[PDB]
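Enquirer: First, the structure itself, so that you have it in front of you.
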Ligand SMILES: Oc1ccccc1-c1ccno1
Ligand SMILES: Oc1ccccc1-c1ccno1
C-alpha cells in the first residue's frame, strides 16, 4: 500500500512514517510519503487560503492550489480521503475497507475547509471519501490523518460490547487483588465473568452500543 | 496557564505536538507540554513495562507497578488523569470544553490491550480519573488519541448541524461555479442557503445528530 499525505504541516506526519517496521518497507507492503502543500502554490507569498464567498470567519483553502496538488499525486486508482468535521463517520469497518487499497491520498485541510469544488472535481475521476473521526473540533485535518493512518495500517498484515478490565502481575498491588476467578483455571467461568464485566461497562460507558 | 504531562513508551511519537496549533499555544506560553518516557520508572535491566494477562487472552498488559510509580511522581490531588482507551466514555466537544479550564492534565498512553485496571482504580483514590475513547476504531496505542485530545482542548483555552460546503476565489474553476447566492451579498438569502445545505448534509451523513436512525 502507498499513502500520500498532503499538508501545510509536513513535520507533523514525520514520526508516524518513521514508525513503520523496516521489514515492511523493504518488502514493499507499505510506503508513507508526506508532501508540503506549499509546493503547489502559485505566488511568492505561498498562499494556500483565501476569504470565504458569502462572508464569515476564517479562511477557505484555495481550489487552484489543491487542484494542482491532487492532479500530480492522484491517479484513477486513488482513494482520496478528506478529513472534515462534516464527514461521514470513520469507523473500524471503514479502516478494514481501506486496508486493502493500493493507494490512499489524505488531504489535510483547516477547520473552515477546502473549497468544495476540489472534492467535487476529484470525484468525477476517482473515489473520494469525506470523513470525521469523532464529534470534537480540531483546528486542522493533520491529527485526524494520524488516527486514520494508524487504524488502517495496523490492519495491513505485517505492519458490540466494550472490553472489560485487564490484570497482570503482581496478584496483589496497593491493597487491590486480581479477581480470584482469573486465577481459578475454570476457563468457561472466566469467559462468563468477562462477558458480565463487558455488559456492565458497556451499560455504564456506552449505552448507545445497546 | 495549563500544564499537560504525557506519559508514554514512545516519547518521540508525541513530537507532532510541536510547531502547530499546540505549538503556537506552547510558544505563546498558554500551555506547557511535557512528555515522559514511562521506562524512566522501571528498575528492570530490560526496562519491562508489560506482562501476560491473568485469566488468559492475547497480547500483554502494562504492569501496574511502573505506572503507579510514574503517576505518583507526576500527579497531584488536583490533576485530571486522562486515560485513552477503546473502552472509555466518549470524548466529545463538551468534554473538550470542560477540560479547557483545567490547571493540570496528565495523559497516560497505554497499549491497546491495556493498562492493568488497578492503576486507574488506585489513582481514583486521590485524583479525578477519566477513561475516554476518541472514536470507534482501533489504535495500536493511546499516543494518537493524546494528540487529538490535546488539539481539541487547547484550541478552546482562553488565548447539531454539520458545516456545509465553503468556497473561495475564483468564482468559476474548471467550469464549476460558486453558487450564485454566495456572490449576491444578500446576508439573508446566504444564511438560508447555508442552512439548507447543512440540513441536506446532516441528514445524509450524520442523521444521528438530528435524532434519526443510522
Ligand atoms: O476539526 C477538523 C478540522 C479539519 C479536518 C478534520 C476535522 C475533524 C474533526 C473531527 N474529525 O475530523
Ligand atoms: O485503540 C486504542 C488503544 C490504546 C488507547 C486508546 C485507544 C483508542 C481507540 C479509540 N479511542 O482510544
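Enquirer: For the structure I just gave you, tell me whether residue B:121 is away from ligand 1 (no atom under 16 Å from the Cβ) and within 11 Å of chain A (Cβ to nearest Cβ).
Expert: In short, yes.
Enquirer: Can you tell me which of B:148, B:157 is surrounded by fewer than 19 Cβ atoms within 10 Å (Cβ to Cβ) and under 18 Å from the mean Cα position of the chain (by Cα)?
Expert: Numbers: B:148 fails: surrounded by fewer than 19 Cβ atoms within 10 Å (Cβ to Cβ).
That would be B:157, the only listed residue that is surrounded by fewer than 19 Cβ atoms within 10 Å (Cβ to Cβ) and under 18 Å from the mean Cα position of the chain (by Cα).
Enquirer: Looking at A:88, A:111 in this structure, which one is more than 16 Å from ligand 2 (Cβ to nearest atom), facing chain B (nearest Cβ under 7 Å) and more than 12 Å from the chain's Cα centre (by Cα)?
Expert: It is A:88.
Enquirer: Is it true that some residue in the range B:160-174 is facing another protein chain (nearest Cβ under 9 Å), out of contact with any helix residue (DSSP H, G or I) (no Cβ under 9 Å at 6 or more places or on another chain) and at positive phi?
Expert: Looking through the range B:160-174, none of the residues is facing another protein chain (nearest Cβ under 9 Å), out of contact with any helix residue (DSSP H, G or I) (no Cβ under 9 Å at 6 or more places or on another chain) and at positive phi.
Enquirer: Which residue is surrounded by the most Cβ atoms within 10 Å (Cβ to Cβ), if the candidates are limited to the range A:72-89 and must be within 25 Å of residue B:191 (Cα to Cα) and touching a helix residue (DSSP H, G or I) at 6+ places or on another chain (Cβ under 7 Å)?
Expert: Of all residues in the range A:72-89, those within 25 Å of residue B:191 (Cα to Cα) come to A:83-88.
Imposing the further condition that a residue be touching a helix residue (DSSP H, G or I) at 6+ places or on another chain (Cβ under 7 Å) reduces the set to A:83, A:86-88.
Numbers: A:83: 25, A:86: 20, A:87: 20, A:88: 14.
It comes out as A:83.
Enquirer: Also, I was wondering about something else. Out of the range B:138-152, which residues are within 16 Å of ligand 1 (Cβ to nearest atom) and facing chain A (nearest Cβ under 9 Å)? Break it down into steps so the answer makes sense when it comes.
Expert: Looking only at the range B:138-152, we keep the residues that are within 16 Å of ligand 1 (Cβ to nearest atom), and these are B:139, B:144-152.
Within the range B:138-152, B:139, B:144, B:145, B:147, B:148, B:149, B:150, B:151, B:152 meet the criteria.
Enquirer: Taking only the range B:71-85 into account, find how many residues are within 16 Å of ligand 2 (Cβ to nearest atom) and over 8 Å from residue B:106 (Cα atoms).
Expert: Residues that pass the stated criteria total 3.
Enquirer: Tell me, please, whether a residue that is within 16 Å of ligand 1 (Cβ to nearest atom) and touching a helix residue (DSSP H, G or I) at 6+ places or on another chain (Cβ under 8 Å) can be found in the range B:96-111.
Expert: yes
Enquirer: Does any residue in the range A:126-137 that is within 11 Å of chain B (Cβ to nearest Cβ) and under 17 Å from residue B:93 (Cβ atoms) come within less than 8 Å, Cβ to Cβ, of a residue that is part of a loop (DSSP other than H, G, I, E, B) and near ligand 1 (Cβ under 6 Å from one of its atoms) six or more places away or on a different chain, and which pairs are these?
Expert: A:137/A:111
Enquirer: Does the range A:29-38 include one or more residues that are within 16 Å of ligand 1 (Cβ to nearest atom) and more than 12 Å from chain B (Cβ to nearest Cβ)?
Expert: yes
Enquirer: Do we find that residue B:14 is within 24 Å of the chain's Cα centre (by Cα), part of a helix (DSSP H, G or I) and either within 11 Å of another protein chain (Cβ to nearest Cβ) or within 23 Å of residue A:15 (Cβ to Cβ) (or both) in this structure?
Expert: It is true that residue B:14 is within 24 Å of the chain's Cα centre (by Cα), part of a helix (DSSP H, G or I) and either within 11 Å of another protein chain (Cβ to nearest Cβ) or within 23 Å of residue A:15 (Cβ to Cβ) (or both).
Enquirer: Here are some residues: B:207, B:180, B:165. Which one is surrounded by 14 or more Cβ atoms within 10 Å (Cβ to Cβ) and farther than 30 Å from residue B:109 by Cα?
Expert: The conditions single out B:165.
Enquirer: Output the number of residues of the range B:49-71 satisfying the condition of being more than 10 Å from chain A (Cβ to nearest Cβ) and exposed (fewer than 14 other Cβ atoms within 10 Å of the Cβ).
Expert: Residues meeting the conditions: 1.
Enquirer: Residues A:180, A:165: which one is within 16 Å of ligand 2 (Cβ to nearest atom) and over 30 Å from residue A:79 (Cα atoms)?
Expert: A:165
Since every read-out is calculated from the coordinates, none of them should be taken as a lab result. So basically every Cβ, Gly included, is an ideal-geometry build from the backbone, and we count neighbours across all protein chains shown.
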